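Take a look at this single chain in structure tokens; it is the form deposited in one PDB entry.
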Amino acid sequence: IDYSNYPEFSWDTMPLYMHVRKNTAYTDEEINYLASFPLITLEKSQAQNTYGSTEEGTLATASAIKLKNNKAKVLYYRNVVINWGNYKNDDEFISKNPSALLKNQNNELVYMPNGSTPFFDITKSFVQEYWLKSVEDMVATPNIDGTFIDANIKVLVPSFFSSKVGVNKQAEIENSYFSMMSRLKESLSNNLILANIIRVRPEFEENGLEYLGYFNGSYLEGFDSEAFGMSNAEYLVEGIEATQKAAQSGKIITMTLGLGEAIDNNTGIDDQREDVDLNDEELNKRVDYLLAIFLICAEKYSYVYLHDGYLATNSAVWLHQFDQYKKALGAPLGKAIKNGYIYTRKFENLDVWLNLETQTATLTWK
């Protein structure tokens, strides 16, 4: 594996990931905070009320981060199939090309739930080229190091599109998706490509690992959000195993874990959370638990984000550093030991104990 374009990494203290958006520009204090993370993904709808568009807000934010810390790696979010708002170039492209959006056999638009957000028809070569260039042209700018690709799982779980446009069209969408990812693997070979891929699914024999050859690593969401009749503990057992394998193979891992509870969701896709609402003692227990899950899986280039949503202005932990992020961690002394639903792992300066069945953990700092 070529590691030359990878982010900084140290075991000295918790390795942290940031994944964030804001409706307006970040303050100087917020830029300093962002620049302290080794790896940052700038989400959709990025400072759009200040800069007029996500493209411009991304460019302005990335420039400001790099001026404070040029070693921080900044990724541009891009959804491979969902036509979200607030991209000026996408709005213009779609206005001139209504046929670029996915339609059923009646030629009517199909949408995401609870609104009128449509999808790109990525089976069309002009749509593929539009999308690819939008990513490549943004990554080619001096302050962006790569891209985070979202909605891979929506392409690759066949029922997601087959329930909207049928089996044949889903298969064509999937073929086109892989052609696009092959192109980005080559054009972004001197950059970073992170994808939302690993998720426990009955349709994926290896829970997303079978798709990682296209990417430098995987982002994870919904890690603690079970479906398919599985218990929460069994769902986490299976996700831990997949993440350990990916991390041990040298892939970047950016494990997001919601501090707040999952919103009811039995689809095994997405990870919308309730706002966190915990007293100080309970919040510290939740932090310990989620960090323990991460640390049972982590290898070099694994990073964690314990979040209260990705919108900075609605998050109780934005700008906050937990004590657990400041304490000495040190390198792992061995792989995790699994004892049923209990896991342990030793680091130079920390012993981790995790019990999935009781949803508790202890972090014993040396």
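Start at 1 and count along the sequence shown; that's the residue number. Take the two forms, superpose them, and find the largest set of C-alpha atoms that agree within 1.5 Å; that set is the rigid core.
Here the subject shifts to the form deposited in another entry, a form of this protein not shown in this document.
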property: Only residue that shifts (Cα, 2 Å or more, rigid core superposed) between the shown form and the other one, among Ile82, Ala171, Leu278, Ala140; result: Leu278
property: Post core alignment: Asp264 C-alpha displaced by 2 Å or more between the shown form and the other one; result: yes
property: Cα-Cα trend for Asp277 and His320, given that in that other deposited form the distance shifts by 3 Å or more; result: closer
property: Residue pair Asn265, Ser163 - Cα distance in that other deposited form, closer or farther (3 Å or more); result: farther
